[PDB]
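Take a look at this single chain in structure tokens; it is the form deposited in one PDB entry.
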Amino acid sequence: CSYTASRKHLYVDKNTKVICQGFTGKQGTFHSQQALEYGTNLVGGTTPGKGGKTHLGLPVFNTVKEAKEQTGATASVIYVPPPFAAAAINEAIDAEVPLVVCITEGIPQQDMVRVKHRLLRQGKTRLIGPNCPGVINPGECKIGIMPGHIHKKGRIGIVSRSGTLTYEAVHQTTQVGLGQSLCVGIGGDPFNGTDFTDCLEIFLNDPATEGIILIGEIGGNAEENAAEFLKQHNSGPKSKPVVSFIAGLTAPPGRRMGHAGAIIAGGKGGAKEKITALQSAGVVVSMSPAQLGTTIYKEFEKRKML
């Protein structure tokens, strides 16, 4: 019933069965192949009007409902072009697919405000994205566009508004031997289906996640809300180490910095305020994006958690 109820669908694993919407397109095709190579259970996909074909040796369906019923998929990943992406997400929501990952960059904001409106009034479907790299449970399930080889199954949960910055954090935590429990890229758009607190909740309750890296950047107040969530849920008696890096310290105000949601507007959304809010929530903020791995490593050492 409540959207926060679908939070748990974020935790993909070796049992997650995935279909691709926008399956026959160039992007859907390419990442589907990488997904199969990785071992992800990609079981088919949809492309309206091309149902009844196979592609990459898998069944193609005209609708998400048919695909879901015929394969038992519990997740959908969307690579549909922007003009149709909101319809793609709505179709998945109507089909009650537990988890929808919308990779698509470029969806109109107005389109997402509408999608989010339906989204918040149901609890069957959890949406991550749009404009996000996806989610990955190292060695078990990869849904999205991240390079699979830099990941190593381990102890750090990573949530991030940025794809490439996540690859930095994974590469670094893999080098220090900590590895990653689950990596979630919530994307760079202003209106999206999953924020940091959604992921933090999963991470704080996850026995496998012993530490958390939170990666944010300018714009909105998702980081500040995450600091509130942590002050309430991670400040004792329970306390997992949380390290963060916030991009955009030097960004010029008023310009969309690549990401549609990366903008300091009305003097709101600056980096310093996000850093300050996190520090006060117990988060150790690494000022350098090259030091996330070593920073969380020392936190573990301090706590004698190595």
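Throughout, rigid core stands for the largest set of C-alpha atoms superposing within 1.5 Å between the two forms. Sequential numbering from 1, following the sequence displayed.
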*asked:* Would you say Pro253 is commonly dropped, meaning unmodelled in a third or more of the other compared entries that have residues on each side of it?
replied: no
*Is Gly267 missing in a third or more of the other PDB entries that were compared?*
yes
*State which stretch shows the higher mean Cα B factor in the entry: 21-29 or 6-14.*
21-29
*asked:* Please compare 117-125 with 162-170 and say which has the higher mean C-alpha temperature factor in the record.
replied: 117-125
*So among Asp189, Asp94, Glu224, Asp111, who wins on Cα B-factor in the entry?*
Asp94
*Highest Cα B-factor in the deposition, which of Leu278, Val243, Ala271, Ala260?*
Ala260
*Mind checking which third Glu217 falls in for C-alpha B-factor across the chain?*
lowest
*asked:* Among the modelled residues of this chain, does the Cα B factor of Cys141 put it in the lowest, middle or highest third?
replied: middle
*Which third, lowest, middle or highest, does the CA B-factor of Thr74 fall in along this chain?*
middle
*asked:* Split into thirds by Cα B-factor across the chain's modelled residues, where does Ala247 land: lowest, middle or highest?
replied: lowest
_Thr197 by Cα B-factor - lowest, middle or highest third of the modelled chain_ = middle
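If you look for the form deposited in another entry, you will not find it shown, but the lines that follow are about it.
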_Flagged residue of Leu56, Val60, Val43, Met257 - C-alpha shift reaching 2 Å or more between the shown form and the other one, core superposed_ = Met257
